[PDB]
Amino acid sequence: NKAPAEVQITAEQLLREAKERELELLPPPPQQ
Amino acid sequence: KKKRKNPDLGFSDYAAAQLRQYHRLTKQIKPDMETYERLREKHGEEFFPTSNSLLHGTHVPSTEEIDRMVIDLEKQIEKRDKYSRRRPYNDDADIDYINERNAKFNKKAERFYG
Amino acid sequence: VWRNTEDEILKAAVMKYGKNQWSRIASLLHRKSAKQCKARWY
Amino acid sequence: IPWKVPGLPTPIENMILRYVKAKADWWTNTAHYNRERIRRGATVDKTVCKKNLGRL
Amino acid sequence: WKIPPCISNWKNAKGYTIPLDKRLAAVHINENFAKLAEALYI
RNA sequence: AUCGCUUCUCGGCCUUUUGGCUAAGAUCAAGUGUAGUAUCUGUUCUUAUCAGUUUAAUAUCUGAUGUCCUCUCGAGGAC
């Protein structure tokens, strides 16, 4: 169903999604 | 009763901040004229040496003394550790920074391009 | 034609890569070439 | 492109402008030289032909 | 003596996002065009 | 007012952070047929009996929604 969406997919949303995709920081070297 | 104030300014040279810190530490110290006179009556004229004048090999300190300087060391070290006050992790504003290096580079750019 | 999703990708892509790497950006987008991306930007 | 950086001390800007003029002189004098070699026929090297077409 | 940082339009070595505005910042017309064009219309 | 501790706010460092060069180093980006199932998604339903159709039962579907005066579908009453 093609029909005008509600809010939008503006850029800042993309930049925030990518910044929160924050998995490349990764887990710390394990203390033993 | 007493009153004074000292305002902070530009770090202009590391020397200025060092000097301020020395002022504070110097004002703190309180010396015992007892030990001074005790040390005095032993050595007398040796007390007043020019740069080049007089010489006695070494003055050996009671350990209790050494503890004073060690304690002051730890104090100044802590006070210096607090040099940079960190701004709390505020997520409230818009995020256009991929990581913390990028976030800080964007902040430096904010301060040079208005 | 141009769809708001795409040009909202393009704003971010230009924001990140810079204003001279049109082939990278064009690669972010399906069905766009670097010429059209550059045209839409300018 | 006209290059102008917002707040950048003048001594630095003069240093940079001086050195970019140095490199520009070197670059285009090399272009003149290689073009004469290519025109009269001396080099057949195939990286110089492309480097020189891009310079000119 | 503080030195602004460079944000280039060609190199983004570490892949950093910079807003369009700060990314961006880092004509004459003679008066004889009027006399020529109007002489031509006349 | 002074000293110390704690809480919040703000300023200053924040170079401690964009590996060098060239011909921006170079270049560029091409698939089903049939139905049908399921899942999302979007949406739509108090009204009062009763008769039937129907159904395992519901539902659906069909069909109307006590007289008399009177005042403003509404009201007090002879009933």
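Residues numbered from 1 in each chain as written, not as in the entry; some residues may be left out. Chains lettered and ligands numbered in written order. Part of a larger assembly, values for the part shown. Heavy atoms only, no water.

The deposited coordinates, according to the entry record, derive from cryo-EM at 3.3 Å resolution.

1. Let's talk about the packing of helix α1 (residues 4–17) of chain C against helix α3 (residues 34–41) of chain C
All names here are of chain C. Viewed as axis vectors pointing N to C, α1 and α3 meet at an angle of 85°, and their least axial separation amounts to 11 Å. For the element pair α1 / α3, the angle class is roughly perpendicular. Across the interface between the two elements, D7, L10 and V14 of α1 pack against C37, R40 and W41 of α3. Residues that form the contact of α1 with α3 fall into these classes: four nonpolar, no polar and two charged. (Axes fitted to C-alpha atoms, helices over the stretch in contact; angles between N-to-C directions. Helix = DSSP H or I, 4+ residues; strand = E, 2+ residues; numbered from the N terminus. Parallel < 35°, antiparallel > 145°, perpendicular 65-115°, else oblique. Contact = heavy atoms within 4.5 Å. Nonpolar A, V, L, I, M, F, W, Y, C, P; charged D, E, K, R; others polar.)

2. Focus: the interface of chain A and chain C
Facing the six residues of chain A at the interface are seven residues of chain C. Across the chain A/chain C interface, buried area totals approximately 490 Å², and carbon plus sulfur atoms make up 70% of it. A per-residue breakdown of the area chain A buries against chain C is headed by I9, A11 and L15 of chain A, which together make up 64% of the total. Where chain A touches chain C, the interface holds zero salt bridges. Within the side of chain A that touches chain C, the residues separate by chemical class into four nonpolar, two polar and no charged. (Buried area = accessible area lost by both parts, 1.4 Å probe. Salt bridge = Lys/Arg side-chain N within 4 Å of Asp/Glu carboxyl O.)

3. Comments concerning helix α4 (residues 100–112) of chain B
Here α4 of chain B is 13 residues long and its end C-alpha atoms lie 19 Å apart, about the 18 Å a rise of 1.5 Å per residue gives. Those residues of α4 of chain B not exposed but buried are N102, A103, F105, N106, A109 and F112 of chain B. On its buried face, α4 of chain B is in contact with α1 (20–24) of chain E. (Expected span 1.5 Å × (residues − 1). Buried < 20%, exposed > 50% of the residue type's maximum accessible area, 1.4 Å probe, protein only.)

4. A closer look at the nonpolar core
Residue and element names in this part refer to chain C. One finds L10, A13, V14, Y17, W22, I25, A26, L29 and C37 forming the largest nonpolar core, which totals nine residues. Those elements that provide at least two residues to this core are α1 and α2 (22–28). Per element, the largest residue contribution to this core is four residues, and it comes from α1. Ignoring any residue separated from it by four or fewer positions in sequence, one finds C37 in contact with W2, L10, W22, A26, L29 and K32. (Core = buried A, V, L, I, M, F, W, Y, C linked by side-chain atoms within 4.5 Å.)

5. A closer look at the protein's contact with RNA strand F
Around RNA strand F, the surrounding shell holds 24 residues, and the nearest of these are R85, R87 and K108 of chain B, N20 of chain C together with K14 of chain E. Within the residue set of the surface near RNA strand F, elements represented by two or more residues are α4 of chain B, α2 of chain C together with α2 (46–55) of chain D. Of all the elements, α4 of chain B adds the most residues to the surface near RNA strand F, at five residues. Its residues assigned to classes, the surface near RNA strand F comprises seven nonpolar, five polar and twelve charged. (Near = heavy atom within 4 Å.)

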